[PDB]
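Asker: Generate a structure from the sequence data that follows.
(chains A, B, C and D, ligands or ions: 2)
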Amino acid sequence: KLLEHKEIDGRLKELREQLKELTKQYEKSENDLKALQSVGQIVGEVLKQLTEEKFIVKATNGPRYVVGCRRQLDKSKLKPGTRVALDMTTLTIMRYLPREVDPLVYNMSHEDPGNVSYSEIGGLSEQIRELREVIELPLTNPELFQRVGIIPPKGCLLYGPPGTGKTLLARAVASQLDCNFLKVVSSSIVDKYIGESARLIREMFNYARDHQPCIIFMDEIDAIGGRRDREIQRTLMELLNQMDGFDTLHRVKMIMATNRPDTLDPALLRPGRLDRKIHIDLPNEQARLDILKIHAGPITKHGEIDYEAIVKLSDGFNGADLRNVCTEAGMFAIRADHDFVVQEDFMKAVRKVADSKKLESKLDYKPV
Amino acid sequence: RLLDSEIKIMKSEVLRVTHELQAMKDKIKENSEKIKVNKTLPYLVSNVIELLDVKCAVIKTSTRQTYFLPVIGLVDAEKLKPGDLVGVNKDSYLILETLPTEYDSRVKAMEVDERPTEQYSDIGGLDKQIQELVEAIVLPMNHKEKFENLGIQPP
Amino acid sequence: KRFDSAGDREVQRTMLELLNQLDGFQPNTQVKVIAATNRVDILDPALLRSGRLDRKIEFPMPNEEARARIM
Amino acid sequence: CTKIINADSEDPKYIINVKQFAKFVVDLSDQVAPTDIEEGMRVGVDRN
Ligand SMILES: Nc1ncnc2c1ncn2[C@@H]1O[C@H](COP(=O)(O)OP(=O)(O)OP(=O)(O)O)[C@@H](O)[C@H]1O
Ligand SMILES: [Mg+2]
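Answerer: Numbers count the residues shown, from 1 in each chain, chains lettered A, B, ... in the order given. Ligands and ions are numbered 1, 2, ... in the order given. See below for the structure:
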């Protein structure tokens, strides 16, 4: 008898589960239809509080109104500089929002920096020490600077020939320091709408202040930092103002990287904006050996590798040149259909990359 | 004794639940078609900005005016993200469509659709350069195994 | 060359965006880039680097068997 | 015109970029045909 009873009972259980699913579907439909009745509210920044009830809001890219808070919201927190929603029938204040993130900035924070560790950068030990002393330690241990009473340096400038590790340095600092990181390609700041770039810089620094601890790494600074096309200068002015606005208390630090520091406006060079500078030179003989040993490390090679001979030949290389050396050696091994790598591949690769360096009509670089 | 203690129970409860299920599915159909008629599309394509709790979104329109939505709308919060493209109601500005991101017309014009036909045999004397370009470009696209077995970054 | 001749800095900024969309912060894999020029002496020492354009492929004057093959 | 959504090749839902005014997701009238319109195409659009 139990088989028929089980058939009907299991069908009842299945039907009740199906009815629960159908109930969830009905609640989805009813709830989203109820949402359809809702109407969007107008966003806008606020200004002087004329009275305890009359306020001057300024709708984002819009007119300037005088409006009142709804009935119940706080009035003290309604200070000049609080994003608030406006009812788009009477424009009354309701729902003061925290602040704008400006998804440009969201992209400028939630960007993958890689797994780069300090043990992957080579030959820059002194420069890593400086950067960690100016940007990591003031953030990790602010109480040191509190008790000592020293105002920590606001930011560091990284400069050097193209392909020596500046961007790598920033990548490592981002990947190792558990904080909020802001990386910027400076040309990304540039926009064709009137005065939008200055707003972008202001909002970036406001996000920096809102989400401490944070590091701001604007790269290729010369793009918006060249010596005094109009909007770029007006935006450099806003960058200067926001930089000088750094009170001693924020856990906010900043890195700027460039390959042509000479073109940089001397305004930045003044102490109090970017004081500490670091020259990331072409790797030394020992530095070149370190860089090569790091990059060629994971290569499945056989036999002895004479890194010192390659370093002897690799005069004047950057780090990218040595990374190439490894890549070209691997490419030669692949062409020869060898599942492995040996010394001759490295020899051929370094000779090839030297021939390439012949093309790279590397100008003499002079610092700031 | 057996099978007689449940006859009146199994033969009526399931029928009632089935009737309720039929009526409830009908109610779903009406709510869905009310959504459908309320889904006529002049949409005001707009960018999403950071979401809030008190799950609810901020929108920047193509007309360069910002709105807050008490409820995001017919899309789910987990789908959306900052700097997204959403089609919103032309008047109430509620989000009711999620759009594929559009970069620019020129960028799409840069895409090759005709797929030209010049063969490698049509190139003369350049065999070394041909081999260099092929090993640099095509091989990473083709296999990725010969490179990863070596641990090198492909050019 | 970055410092040219300067109201051309817009070209410099676009070129810098290209420069960092080839190797900077976030890596870019599976997107291969091919470039062609006749005046490599003009180009940057930056976008002529080794991390961005790993291979520099010289296209010489056709040799005489190359010329016969081309004909 | 822009980004022909063509989510099913049955309800195409083309995007438009009316210059200096706005951008909309919109559909064809009963006269024009899907084969007529392409991406770009500088289409014409009713006013309401
Ligand atoms: N000290 C180093 N240790 C390990 N790898 C290095 C080192 N220096 C450079 N490299 C390698 O060389 C390349 C340098 O690229 P990166 O973008 O970091 O250079 P950069 O000089 O800071 O850049 P930019 O020209 O954009 O200013 C990377 O592929 C990196 O792995
Ligand atoms: Mg860089």
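Asker: Can you say which helix or strand has residue B:107 in it?
Answerer: helix B:105-109 (DSSP states H and E).
Asker: touching chain C at all, that helix?
Answerer: No. Using CB under 8 Å from any CB of the partner chain, helix B:105-109 never reaches chain C; the gap is at least 12.9 Å. (Each C-beta comes from the backbone N, C-alpha and C, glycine too.)
Asker: what comes up buried for that helix?
Answerer: Residues of helix B:105-109 include none that count as buried (16 or more other CB atoms under 10 Å in any protein chain shown).
Asker: How about residues contacting it?
Answerer: The contact list for helix B:105-109 (CB atoms under 8 Å, 6 or more residues apart in numbering or on different chains) reads D:2, D:39-40.
Asker: So which of the residues you listed reach chain B?
Answerer: Near chain B, by the rule CB under 8 Å from any CB, you find D:2, D:39-40 out of these.
Asker: Return the set of buried residues in the lengthiest strand in chain A.
Answerer: If you go by DSSP state E, chain A has its longest strand at strand A:41-49. Residues A:41-47, A:49 are the ones in strand A:41-49 that count as buried (16+ other CB under 10 Å).
Asker: of all those residues, which comes closest to residue B:5?
Answerer: The shortest approach to residue B:5 among the buried residues of strand A:41-49 belongs to residue A:41, at 61.6 Å (CB to CB).
Asker: check contacts around the residue nearest to the closest one when sequence neighbours are not counted.
Answerer: Spatial nearest neighbour of residue A:41, chain neighbours left out: residue A:85 (3.8 Å); criterion: CB to CB, 6 or more residues apart in numbering or on different chains. Contacts of residue A:85 were listed using CB under 8 Å, 6+ apart, and they are A:41-44, A:93-97, B:68.
Asker: same check, this time on residue D:23
Answerer: Residue D:23 neighbours (CB under 8 Å, 6+ apart): B:44-45, B:62, D:2, D:15-17.
Asker: how far away is the closest residue to it other than its chain neighbours from residue B:43?
Answerer: Spatial nearest neighbour of residue D:23, chain neighbours left out: residue B:62 (4.3 Å); criterion: CB to CB, 6+ apart. Going from residue B:62 to residue B:43 by CB to CB, to the nearest Å gives 10 Å.
Asker: of the two, who's got more company?
Answerer: Using other CB atoms under 10 Å in any protein chain shown, the more surrounded residue of residue B:62 and residue B:43 is residue B:43, with 23 against 18.
Asker: which secondary structure elements does the helix or strand hosting residue A:104 contact?
Answerer: Assessed by DSSP H and E, residue A:104 sits inside helix A:103-107. Judged by 3 or more CB pairs under 8 Å, 6 or more residues apart in numbering or on different chains; DSSP states H and E, helix A:103-107 is in contact with helix A:196-210, strand B:43-52.
Asker: Pull up the pairing partners for the last one, direction included.
Answerer: Going back to what we said before, that points to strand B:43-52. strand B:56-61 (antiparallel), strand B:85-89 (antiparallel), strand D:24-26 (antiparallel) (DSSP bridges).
Asker: Return the most buried member of those.
Answerer: strand B:85-89 (a mean of 23; mean count of other CB atoms under 10 Å in any protein chain shown).
Asker: picking that back up, who are the packing partners of the longest strand of chain A?
Answerer: Packed next to strand A:41-49, using 3+ CB pairs under 8 Å, 6+ apart, are strand A:54-59, strand A:84-86, strand A:93-96, strand B:66-68.
Asker: Please repeat the previous calculation with a cut-off of 10 Å.
Answerer: strand A:54-59, strand A:64-68, strand A:84-86, strand A:93-96, strand B:56-61, strand B:66-68 (3 or more CB pairs under 10 Å, 6 or more residues apart in numbering or on different chains; DSSP states H and E).
Asker: I'd like the distance from it to the chain centre, please.
Answerer: 29 Å (CA atoms, centre = their mean, to the nearest Å).
Asker: Ok, stretch C:31-44 next?
Answerer: On CA atoms, centre = their mean, the centre of stretch C:31-44 falls 2 Å from that of its chain.
Asker: Stretch A:77-93 too?
Answerer: With CA atoms, centre = their mean, you get 31 Å for stretch A:77-93.
Asker: Could you do stretch B:33-43 as well?
Answerer: Offset of stretch B:33-43 from its chain centre (CA atoms, centre = their mean): 19 Å.
Asker: now do the same end-to-end measure for that stretch.
Answerer: End-to-end distance for stretch B:33-43: 19 Å, by CA to CA, to the nearest Å.
Asker: Okay, buried residues for that stretch please.
Answerer: Buried, per 16+ other CB under 10 Å, within stretch B:33-43: B:42-43.
Asker: Can you tell me what sits against it?
Answerer: By CB atoms under 10 Å, 6 or more residues apart in numbering or on different chains, the residues outside stretch B:33-43 that reach it are A:29-30, A:32-33, A:36, B:62, B:74, B:86-92, B:94-97, B:99, D:11, D:13, D:15-16, D:22-27, D:45-46, D:48.
Asker: re earlier: for the contacts of residue A:85, which two are the farthest from each other?
Answerer: A:42 and A:96 (13.3 Å).
Asker: The longest strand of chain A pairs with which strands?
Answerer: Assessed with DSSP bridges, strand A:41-49 is paired to strand A:54-59 (antiparallel), strand A:84-86 (antiparallel), strand B:66-68 (antiparallel).
Asker: before we move on, the earlier item: tell me which two of the contacts of residue D:23 sit farthest apart.
Answerer: B:44 and D:2 (14.5 Å).
Asker: number of nearby residues for residue A:199?
Answerer: 17.
Asker: so it sits right up against residue A:231, yeah?
Answerer: No. Counting by CB atoms under 10 Å, residue A:199 stays clear of residue A:231, with 11.4 Å between them.
Asker: Now do the shared contacts for these two.
Answerer: With CB under 10 Å, 6+ apart, residue A:199 and residue A:231 have common neighbours A:191, A:193.
Asker: longest helix anywhere in chain B?
Answerer: Using DSSP state H to define each element, chain B has its longest helix at helix B:7-37.
Asker: Which strand or helix spans residue C:56?
Answerer: Applying DSSP H and E, one finds residue C:56 in no helix or strand.
Asker: how near is it to residue B:132?
Answerer: 10 Å.
Asker: contacting residues for the residue in chain B that ligand 1 sits nearest to?
Answerer: With CB to the nearest ligand atom, the shortest gap between chain B and ligand 1 falls at residue B:153, namely 8.0 Å. Counting by CB under 10 Å, 6+ apart, residue B:153 touches A:295, A:298, A:323-324, A:326-327, A:330, B:140, B:147, C:27, C:29, C:51, C:54.
Asker: And these, which is closest to residue B:11?
Answerer: Closest to residue B:11, out of all of the contacts of residue B:153 and judged by CB to CB, is residue C:29, at 64.8 Å.
Asker: Just give me the neighbour total for that closest one.
Answerer: For residue C:29, the neighbour count with other CB under 10 Å is 9.
Asker: Please apply the same query to the one 4 residues further on.
Answerer: Around residue C:33 sit 12 other residues, with neighbours defined as other CB under 10 Å.
Asker: helix, strand or coil for the nearest residue to it once chain neighbours are set aside?
Answerer: Leaving aside its sequence neighbours, residue C:33 sits nearest to residue C:22 (CB to CB, 6+ apart; 6.6 Å). Three-state assignment for residue C:22 (DSSP: H, G, I helix; E, B strand; the rest coil): coil.
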